[PDB]
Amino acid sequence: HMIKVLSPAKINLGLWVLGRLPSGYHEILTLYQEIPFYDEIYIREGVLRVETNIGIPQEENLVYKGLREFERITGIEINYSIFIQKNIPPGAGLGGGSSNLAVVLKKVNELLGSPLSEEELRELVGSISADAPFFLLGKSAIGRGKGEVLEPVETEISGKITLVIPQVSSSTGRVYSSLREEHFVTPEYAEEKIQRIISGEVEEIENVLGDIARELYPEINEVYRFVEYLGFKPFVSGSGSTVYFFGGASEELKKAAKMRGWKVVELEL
């Protein structure tokens, strides 16, 4: 009866902030890209539990929060034991928690005769994480609003991408909170940037949350500077901590990573 579901990561191929919302959130423009980098989620019939291999408490886990809201909305008891093998580190800017939430809930909804429609499911996961609705789509999509208003697109981006992930966990809240008015841009500026990236101009990627994350967490800056030294343009996903570049990992990078406690992920798009 136990089943396995894969939970993919994303990167932001550019992110812009338009301004503050009264709710405390921020209006943004970003290009989401799903990457072949997965948590392994095992689902079995049993008492409701959500466990990970990295000691995330159950009450703080977004999957648990979503399953309980599912129980609440539906009146149906969730009799599933969830174990998540976390390959995607929390605070990496890769949406691992949000992906976990989307994929488990999509799956549990299906297993229970689909009481929630596709709009309702997207509402549920979106109310917990703005990054979660993207993972109900996958592939490539422009995220507008807070990220949850999605437009599927076809990009001309392919080939090698290497993620370099330092041990430090970046707080998405602490970074967003550091945003001054000089960091904001008009949506017209950002919309022009995104279409160039979509057409394959990766040099057009930028992300002000990365700029700020590099100064709040000096180790993100060290990774960034190290990638430059290796001869590549570095880019930052989410609010950090992940730095990515379009190329392969050399032995010198792999050694630096092993010494420094960085995680290196070699992907092909």
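One rule holds for the numbers: they count along the sequence shown, beginning at 1. We call the rigid core the largest set of C-alpha positions that still match within 1.5 Å between the two forms.
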Exercise for the section: Kindly name the stretch, out of 152 to 160 and 173 to 181, whose CA atoms are displaced more from this form in 5 other deposited structures of this protein after the core superposition? Expected result: 173 to 181
Problem - 111 to 119 or 126 to 134, whichever carries the higher mean Cα B-factor - result: 111 to 119
Problem - Between 197 to 205 and 41 to 49 (mean CA B-factor, as deposited), the higher - result: 41 to 49
Fill in the blank from the handout: Among 59, 27, 215, 222, the highest C-alpha B-factor in the PDB entry belongs to 59
Handout entry: Which of 186, 87, 99, 155 ranks first by CA B-factor in the deposited coordinates
Key = 155
Exercise for the section: Would you please rank residue 230 by its C-alpha temperature factor against the other modelled residues of its chain and give the third it falls in: lowest, middle or highest? Expected result: middle
Exercise for the section: Quick one: classify residue 150 as lowest, middle or highest third of the chain based on its Cα B-factor. Expected result: middle
Completion exercise
Assert third(CA B-factor, residue 141) within chain per record equals middle
Practice task
Could you look up the Cα B-factor of residue 78 in the entry and say which third of the chain it sits in: lowest, middle or highest?
Solution key: highest
Exercise for the section: Would you please rank residue 103 by its C-alpha temperature factor against the other modelled residues of its chain and give the third it falls in: lowest, middle or highest? Expected result: middle
